[PDB]
């Protein structure tokens, strides 16, 4: 069918810049972390101009769906909903989605600005500091099911919980009642795991595929029981548990990707797939690596490939993205 994957997310503009460690210190940021800007960090946005930053579209789920749309090519192959502000920045994101052929229904929040994320590159790592702005007012429209009619893969990032957990809950609810449809979720960042524990619990029950990195699962283990790689991964599959797709995919930088699935009979299958080596000197920045991996994974899943094949496609998409500035598109 036309629409193959439908997602909700926070559309944001990324401002990328290479900054010295001193900048991280002055802004109270932890290298490699992802957080929402506190009042004191608001000054980071204007101050970046001294570093000649570059700007490009961002937003975790948007980045992912853009990979699926690029690989599927047909207009409306991927659908997306989110909220943008009534400003020139919002217009740039919108124009870009239209030119890429994605199907979108953006909600415009008058009086508010389009979200922005400062992507600070230092050493090799990326640190993210975001100001949601209009993204926080996002509410799914009553007829979203009509816009996404035909889609069998629904995706949401935990980052959408900040606006309200109702959005993702409604999407999962809908998918659940549809046979042959699956709901997929990304843990997004440690902060989401720690702040939205309750909503996540209800959400996990209705999740078919859970994606996240080692750091996110670690917090998920602690916040929940299991505690403890492989064990953490097998651990998380209970949260989704208690043939219906139940799979957990854990990414971890250059280390092998670990996927654990629970088959119909209760058999647990775990795959440990290596990630092709990429010389460090060839890496530009790792911003968007996980989003690219999820996008390649969902596109392959859309084509009926196997779990291992899914993972290989995700790895290939991520390897391309890490060789570019911010979230690029190529292949």
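Residue numbers count along the first chain shown, from 1.
Unmodelled deposited residues between residue 242 and residue 243: 10 or more, per the record. Unmodelled residues of the deposited sequence between neighbouring positions residue 92 and residue 93 number none; the chain is continuous. Comparing the deposited coordinates for 151-159 and 190-198, the stretch with the larger average C-alpha B-factor is 190-198. In this entry, the higher average B-factor at the C-alpha atoms falls on 258-266, of the pair 27-35 and 258-266. Reading the B-factor column for the CA atoms of 291, 40, 272, 285 in the entry, the top value corresponds to 40. Highest C-alpha temperature factor among 128, 223, 140, 247 per the entry: 223. Among the modelled residues of its chain, residue 331 has a C-alpha B-factor that falls in the highest third according to the deposited record. The entry lists a Cα temperature factor for residue 65 that places it in the lowest third of the chain's modelled residues. Residue 45: CA B factor in the highest third of modelled residues in this chain (values from the PDB entry). Per the PDB record, residue ranking by Cα B-factor puts residue 10 in the lowest third of the chain.
Sort the modelled residues of the chain by CA B factor and residue 207 lands in the middle third.
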